[PDB]
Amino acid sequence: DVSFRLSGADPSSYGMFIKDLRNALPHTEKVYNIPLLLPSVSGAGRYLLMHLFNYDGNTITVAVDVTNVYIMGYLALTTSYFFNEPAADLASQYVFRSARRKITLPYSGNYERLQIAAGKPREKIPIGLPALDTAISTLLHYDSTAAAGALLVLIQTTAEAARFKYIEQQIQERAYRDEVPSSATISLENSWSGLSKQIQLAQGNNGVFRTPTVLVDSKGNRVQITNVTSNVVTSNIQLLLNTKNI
């Protein structure tokens, strides 16, 4: 399992949590020196437990599918909560069975359904450490509309940060002040599968992408990623979704 505490958190302890989150995801292979996520893991070993503690020390346990860094649901006190999707329903066979009751959230876990549910695009939702603290707090007591916002914040702060060094650094900057994610952050979240695929295709194609990946950069304008010499490949992405899951 991995644990992160908001109390006393700072850019460093957060970096250590995301490090720990990355290192908890199993891989047998590195493709261009990036850990390649497994095609599948059967039964209960498929799910990483993240113990998150708000500033008060209240806690939730989040279950993450180790093959795609996809949050499936969480446990708050004696209630489990799972997204309304088959993968999460499958996950509820394995994690948090000790929960007194189980609530299936009225949405899947994808960004589009979460945003509709939250009433805001994640462009307009501040993130950072104080926001993760809020999110953990919200998730402690069921409220499906508020939880959708809290989940968008939680996805971005833990999974998307594990997947991209740039997003981990975005959050580290937002250790004590939330701020909506940069467009570059949104571009990376949305491009992960894409990049994961083209990194893998590049092996066999001389480090060249079969199809370029359009991103937005820090300064704000589109940029086309075409091979593995690109910074986003050499420095930024930290985990590759296996093409068997794309």
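Just count from 1 along the sequence shown to find any residue number.
Q: Please work out which of 178-186 and 214-222 has the higher mean CA B-factor as recorded in the PDB entry.
A: Comparing averages over the C-alpha atoms only gives 214-222.
Q: For the higher mean C-alpha B factor in the entry, choose 58-66 or 39-47.
A: In the deposited entry, the stretch with the higher C-alpha B-factor mean is 39-47.
Q: Would you mind finding, among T104, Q93, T145, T138, the residue with the largest C-alpha temperature factor in the entry?
A: By C-alpha B-factor in the record, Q93 ranks first.
Q: Can you work out whether the C-alpha temperature factor of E85 puts it in the lowest, middle or highest third of the chain?
A: It falls in the middle third of the chain.
Q: Lowest, middle or highest third: where is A24 by C-alpha B factor in its chain?
A: According to the entry, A24 has a C-alpha B-factor in the chain's highest third.
Q: Which third, lowest, middle or highest, does the C-alpha temperature factor of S108 belong to within its own chain?
A: Middle third of the chain for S108's C-alpha B-factor.
Q: What third of the chain, by the recorded C-alpha B-factor, contains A99?
A: Tercile = highest for this residue's CA B-factor.
Q: Can you tell me which third, lowest, middle or highest, the CA B-factor of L201 falls into for its chain?
A: According to the entry, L201 has a C-alpha B-factor in the chain's highest third.
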